[PDB]
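Next up: just one chain, as structure tokens, the form deposited in one PDB entry.
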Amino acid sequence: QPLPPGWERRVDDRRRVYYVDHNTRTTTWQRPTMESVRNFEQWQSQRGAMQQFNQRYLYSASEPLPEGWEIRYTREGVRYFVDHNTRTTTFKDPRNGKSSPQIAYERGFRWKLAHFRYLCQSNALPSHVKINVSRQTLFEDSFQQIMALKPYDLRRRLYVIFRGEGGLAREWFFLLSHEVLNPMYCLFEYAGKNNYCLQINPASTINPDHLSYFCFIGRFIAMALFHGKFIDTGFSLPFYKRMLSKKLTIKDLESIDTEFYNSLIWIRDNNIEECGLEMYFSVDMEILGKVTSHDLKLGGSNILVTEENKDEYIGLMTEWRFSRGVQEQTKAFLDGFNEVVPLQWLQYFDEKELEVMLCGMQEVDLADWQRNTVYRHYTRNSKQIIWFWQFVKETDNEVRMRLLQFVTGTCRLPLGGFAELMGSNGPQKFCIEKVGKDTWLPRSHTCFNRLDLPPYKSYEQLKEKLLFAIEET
């Protein structure tokens, strides 16, 4: 097998083959091709705008209790207790009935975030640990240093020393959170055009140490959470749902694999018998050239999909697509995370809260947003679009961010603003389309950054439906 210019084969002490590029000193376990070379070269996108990333930090300028309960305080200092399990509040301590106009129940992201910060603070160890990393070898050096430490050492103060040279911690987290995506390591890939929809790469097995690296990456993301630092890696919301052990759904599927979702949706909503569709309860996978067949259930490759059983086929295909080829990697990541921040500490956050905790949130440029929003079967003077922008103006940045996550599937905004907004198939501006009737709820297609907004009859109805849709799940 011939190799692109600059590259050479090498064999290590255990007779395992790897590859080295004598011009750029990169090494990889997967045989490079010109496709992978051009992929790597574009990925080398200064990996600068760290100062604009740092605005997230200034922006964040704001006996045990039974599970799911919180202590909160009213604006006048009055203690109350929130039961997330029943979505109610009381002034009566559930531990002992001691009582301090019942307070409206509310999700209260900021309260949950503050309790979590206290949880981390309560479990910090004293002193510091020092991480010595060469900036040009940042991934390999951070890996060696973190993995050499007992997980509890990761709960001390972090002193990062960039070889040959507080704010160094933020810079470490930002830079390394980009560095782990380096395709030469083979841990990740993208589902969409450009760098759209990150996911674990089933082919990471070509790296014999891939599970140690996924463990390290879990430890690293947990460390960002514990130390209150923000990362820029761009995990999907279904990935975070997996970290929360939440059920992954067909709607989740739309976010990460348009074609797969579209096929499943067509099978659900069409008579597959009247149109001759011939399908069975097994699926093929190809990793590193090798094809593998997987029965969805016992003997699945022999079971014809019919009108009678196709719902079961659909659920099994959804589950399979979410977990295919990445079970071990995902476990390694979860394990590494859990030994720094117990996953149980996340139990009452949703996936969008988790993403904002990891990524930090910015203030949204309402003018840039509105200047770069496009419409389908609406115009800027439709009553519902005027109501939309009135609702966006009338609310706070938390709701705006939650709406942003609803429509685009993420809280991360592009460096160039809403004109540079990206979808799975390339550039794709925020879009509001007229669908359905005023009795529907809004819906979103995050691959196209598109909000289906029913044509409501009054501002207040638009407000209620919109708030309900962005709060949901």
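We number the residues from 1 along the sequence you see. The term rigid core refers to the maximal set of C-alpha atoms that superpose within 1.5 Å between the two forms.
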Task: Unmodelled deposited residues flanked by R47 on one side and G48 on the other - done: 4 to 9
Open item on the list: I want to verify a possible break: how many residues of the deposited sequence sit between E165 and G166 without any coordinates (none, 1 to 3, 4 to 9, 10 or more)?
Closed with: 4 to 9
Open item on the list: Comparing average C-alpha B factors as deposited, tell me which of 328-336 and 121-129 sits higher.
Closed with: 121-129
Open item on the list: Please compare 209-217 with 266-274 and say which has the higher mean C-alpha temperature factor in the record.
Closed with: 266-274
Task: Out of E355, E254, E363, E319, highest CA B-factor residue - done: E363
TODO: Check the PDB entry and point out which of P32, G423, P442, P64 has the largest C-alpha temperature factor.
DONE: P64
TODO: Divide the modelled residues of the chain into thirds by Cα B-factor and specify which third, lowest, middle or highest, holds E307.
DONE: middle
- [ ] Using the B-factor values recorded in the entry, state whether the Cα atom of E471 falls in the lowest, middle or highest third among the modelled residues of its chain.
- [x] middle
- [ ] Using the B-factors in the PDB entry, rank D452's C-alpha atom against the chain and give the third, lowest, middle or highest.
- [x] middle
- [ ] Would you check the entry's CA temperature factor for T249 and let me know if it's in the chain's lowest, middle or highest third?
- [x] lowest
- [ ] Looking at the entry's B-factor column for C-alpha atoms only, identify whether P238 ranks in the lowest, middle or highest third of its chain.
- [x] lowest
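There is also a form deposited in another entry; it is not shown, and the following applies to it.
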Task: Position with Cα shift of 2 Å or more, rigid core superposed between the shown form and the other one, options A114, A367, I206, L149 - done: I206
- [ ] Once the core is aligned, please say if the CA of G325 is shifted by at least 2 angstroms between the shown form and the other one.
- [x] yes
